[PDB]
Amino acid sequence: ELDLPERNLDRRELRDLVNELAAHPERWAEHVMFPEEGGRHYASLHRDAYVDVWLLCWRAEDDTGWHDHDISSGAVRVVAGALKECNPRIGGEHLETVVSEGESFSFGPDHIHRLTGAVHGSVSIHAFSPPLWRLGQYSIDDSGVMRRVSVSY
């Protein structure tokens, strides 16, 4: 439990949150784990009615896929390693951005992105507000038409 307001957080507060937490390894160091081949390691660092905070440990094999967070704003802090944040572009020229250790970014609830290209041993802290309850997972058929599946997580 942290000293946060009794409400949903905007993306500026979420960014400060992931960084403040990166600066307190005492609360996330023990949850680091790189499954040799299970699923992308999730570790709840704090969950309440207003915020979900996760620690993610990445293998080179991990990819979120194109997705959105419905109504949830979000922030990411790379603790170690580096991630690839891609934002969709109609036309196929998808904007791609390498986010290196020490760096962080945030976004509002309308964000569509994909996290991948994780160098082995990468560690990141992800916070969502309101809590992440439903996501939209996009897919493109062989023909080219795009879909959005609402999923539970």
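Start at 1 and count along the sequence shown; that's the residue number.
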Selected stretch [higher average CA B-factor]: 87-95 or 63-71: 87-95
Stretch with the higher entry mean CA B-factor, where the candidates are 41-49 and 105-113: 41-49
Identity of residue with top Cα B-factor, from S143, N19, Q137, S129: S143
Third of the chain's Cα B-factor distribution that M33 belongs to, per the entry: highest
